[PDB]
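Undergrad: just the first chains of my complex for now:
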Amino acid sequence: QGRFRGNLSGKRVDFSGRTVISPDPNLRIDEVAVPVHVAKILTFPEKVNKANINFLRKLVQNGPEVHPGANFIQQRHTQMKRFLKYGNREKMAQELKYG
């Protein structure tokens, strides 16, 4: 449990989960099933660009409650995060700038 073996070579990370496995032959070999509960918790930071702008708008409008959505928004100018559970998600989506 030392600093070399316990905190440098192997250390704990976030954005990870641990769950029991079950068989499902209806999925491809390169595909894995993720439950909705763990999917709503594990988030991915996507950068707003000219391609997925409308998809991110729809995700923000959906919000943290509906499965397809997001949980937080970090503005480009200021690094103050914004929780989507509160505030007007429609306004937050309409005010999505690139970056």
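TA: That came in fine, so what should we check first? Numbering: from 1, shown residues only, chains lettered A, B, ... in the order given.
Undergrad: find the nearest non-adjacent residue to the residue nearest to the spatial centre of chain A, please.
TA: For chain A, residue A:43 is the residue whose C-alpha lies nearest the centre (CA atoms, centre = their mean; 1.7 Å). The shortest distance from residue A:43 to any non-neighbouring residue, by CB to CB, 6 or more residues apart in numbering, is to residue A:71 (5.5 Å). C-betas here are computed from N, CA, C, even on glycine.
Undergrad: what residues are up against that neighbour?
TA: Contacts for residue A:71 (CB atoms under 8 Å, 6 or more residues apart in numbering) come out as A:43, A:64, A:83-85.
Undergrad: now do 6 Å
TA: A:43, A:64, A:84 (CB atoms under 6 Å, 6 or more residues apart in numbering).
Undergrad: export the residues you listed to TSV and tack on secondary structure and distance to residue A:30?
TA: Output for the contacts of residue A:71, formatted as TSV (DSSP: H, G, I helix; E, B strand; the rest coil; distance: CB to CB, whole Å):
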residue	secondary structure	distance to residue A:30
A:43	coil	23
A:64	coil	29
A:84	coil	32
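Undergrad: which single one of these is nearest to residue A:96?
TA: Minimum distance to residue A:96 across those is 11.9 Å, recorded for residue A:84 (CB to CB).
Undergrad: how much space separates the closest one from residue A:23?
TA: According to CB to CB, to the nearest Å, residue A:84 stands 36 Å off from residue A:23.
Undergrad: of the two, which one has the most company?
TA: When neighbours are counted by other CB atoms under 10 Å, residue A:84 and residue A:23 differ, and residue A:84 comes out ahead with 20 against 6.
Undergrad: what does residue A:37 show for phi and psi?
TA: Backbone torsions of residue A:37, given as degrees, to the nearest 10, read phi -60, psi -40.
Undergrad: which residues touch residue A:48?
TA: Residue A:48 neighbours (CB under 6 Å, 6+ apart): A:56, A:96, A:98.
Undergrad: repeat that for residue A:15.
TA: Counting by CB under 6 Å, 6+ apart, the residues that residue A:15 touches are residue A:42.
Undergrad: with residue A:99 as the reference, measure out to it.
TA: The spacing between residue A:15 and residue A:99, counted by CB to CB, is 22 Å.
Undergrad: chain B follows; place it on the structure:
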Amino acid sequence: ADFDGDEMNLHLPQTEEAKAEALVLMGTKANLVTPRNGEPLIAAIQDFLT
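TA: So, slotting chain B in with the rest:
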């Protein structure tokens, strides 16, 4: 694994470069064989061979 109560870990990368490297190098379709002797590990199993 044997599906007898084993717990497995699932990690989500937080970077596009890490995502691409995981998909390319650690691809399931690209790692169908082991580097030990080249034998394929991802193949048919019980209830499929029979």
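Undergrad: re-run the earlier check on the contacts of residue A:71 with chain B in the model.
TA: Going by CB atoms under 6 Å, 6 or more residues apart in numbering or on different chains, residue A:71 touches A:43, A:64, A:84.
Undergrad: up against chain B, what does chain A have?
TA: Those residues of chain A that sit near chain B, judged by CB under 6 Å from any CB of the partner chain, are A:15-18, A:20-21, A:23, A:29-30, A:42.
Undergrad: of these, buried ones?
TA: Neighbour counting by 16 or more other CB atoms under 10 Å in any protein chain shown classes A:17, A:21 among the residues of chain A next to chain B as buried.
Undergrad: could the residues of chain A next to chain B go into a markdown table alongside secondary structure and distance to residue A:76?
TA: Shown next, in a markdown table, are these (three-state DSSP; distance: CB to CB, whole Å):
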| residue | secondary structure | distance to residue A:76 |
| --- | --- | --- |
| A:15 | coil | 22 |
| A:16 | strand | 28 |
| A:17 | strand | 30 |
| A:18 | strand | 34 |
| A:20 | strand | 41 |
| A:21 | coil | 40 |
| A:23 | coil | 45 |
| A:29 | coil | 40 |
| A:30 | coil | 35 |
| A:42 | coil | 24 |
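Undergrad: residues in contact with residue 16?
TA: This is for chain A. Applying CB under 6 Å, 6+ apart to residue A:16 gives the contacts residue B:11.
Undergrad: you looked at the wrong chain, it should be chain B
TA: By CB under 6 Å, 6+ apart, the contact list for residue B:16 is empty.
Undergrad: recalculate using a threshold of 10 Å.
TA: A:44-47 (CB atoms under 10 Å, 6 or more residues apart in numbering or on different chains).
Undergrad: so where does residue B:22 fall, helix or strand?
TA: Taking DSSP states H and E as the definition, residue B:22 sits inside helix B:16-25.
Undergrad: so how far is that helix off the chain centroid?
TA: Mean-position distance between helix B:16-25 and its chain equals 14 Å (CA atoms, centre = their mean, to the nearest Å).
Undergrad: please apply the same query to stretch A:51-62.
TA: 13 Å.
Undergrad: stretch A:47-56 now?
TA: The chain centre lies 15 Å from the centre of stretch A:47-56; the measure is CA atoms, centre = their mean.
Undergrad: residue of chain A nearest chain B, please.
TA: For chain A and chain B, the shortest gap (CB to the nearest CB) falls at residue A:30, measuring 3.9 Å.
Undergrad: let's add chain C too:
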Amino acid sequence: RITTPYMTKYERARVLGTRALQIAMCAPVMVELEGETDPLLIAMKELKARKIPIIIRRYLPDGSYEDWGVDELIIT
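TA: With chain C now in place:
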């Protein structure tokens, strides 16, 4: 000109990751994507089209270097 002309999987992965990051950072697209919201998918399309503006700088152990274009290298 002495190294292998084939583009290795490590080079493929690094180029795809760099291009995906650039596209996620609002970089111009040179393949006219058709409803691809995934930067990694856009990067894979650009790689398949051979239009990624990245040049690999292969370094030899002694110190020499050599430049190889993505369109010049061979993909699988």
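Undergrad: let's see the contacts of residue A:71 again after adding chain C.
TA: Neighbouring residues of residue A:71 by CB under 10 Å, 6+ apart: A:40-41, A:43, A:59-60, A:63-64, A:81, A:83-85.
Undergrad: and those residues, which are buried?
TA: Of the contacts of residue A:71, these count as buried by 16+ other CB under 10 Å: A:59-60, A:63-64, A:84.
Undergrad: sorry, back to before: touching chain C at all, the helix holding residue B:22?
TA: Yes: part of helix B:16-25 sits near chain C under the criterion CB under 10 Å from any CB of the partner chain, namely B:16-25.
Undergrad: the residue of chain B found nearest chain A and chain C, how far apart?
TA: Minimum separation of chain B from chain A (CB to the nearest CB) falls at residue B:28, amounting to 3.9 Å. Shown here: residue B:28 relative to chain C, a distance of 14 Å by CB to the nearest CB, to the nearest Å.
Undergrad: identify the residues contacting the closest residue to residue A:69 other than its chain neighbours.
TA: Closest residue to residue A:69 apart from its sequence neighbours, by CB to CB, 6 or more residues apart in numbering or on different chains: residue A:62 at 3.7 Å. Applying CB under 10 Å, 6+ apart to residue A:62 gives the contacts A:68-70, A:84, A:89, A:93.
Undergrad: for chain A, which residues are neighbours of chain C?
TA: Contact residues, chain A versus chain C (CB under 10 Å from any CB): A:45-56, A:98-99.
Undergrad: among the residues you listed, which ones are buried?
TA: For these, a burial check counting by 16+ other CB under 10 Å picks out A:46-49, A:51-52, A:56.
Undergrad: which residues of chain B lie near chain A?
TA: Counting by CB under 10 Å from any CB, chain B comes close to chain A at B:1-16, B:19, B:23, B:27-32, B:42-43, B:45, B:47-48.
Undergrad: just the buried members of those?
TA: B:12, B:16, B:19, B:23.
Undergrad: tell me which element residue C:14 is part of?
TA: Going by DSSP H and E, residue C:14 is in helix C:9-24.
Undergrad: mind listing what's buried in that helix?
TA: C:11-24.
Undergrad: tell me the contacts of the residue nearest to residue C:44 when sequence neighbours are not counted?
TA: Of all residues not flanking residue C:44 in the chain, residue C:16 sits nearest, at 6.4 Å (CB to CB, 6+ apart). Taking CB under 10 Å, 6+ apart, we find residue C:16 in contact with B:16-17, B:19-21, B:23-24, C:39-40, C:42-44, C:46-47, C:52, C:54.
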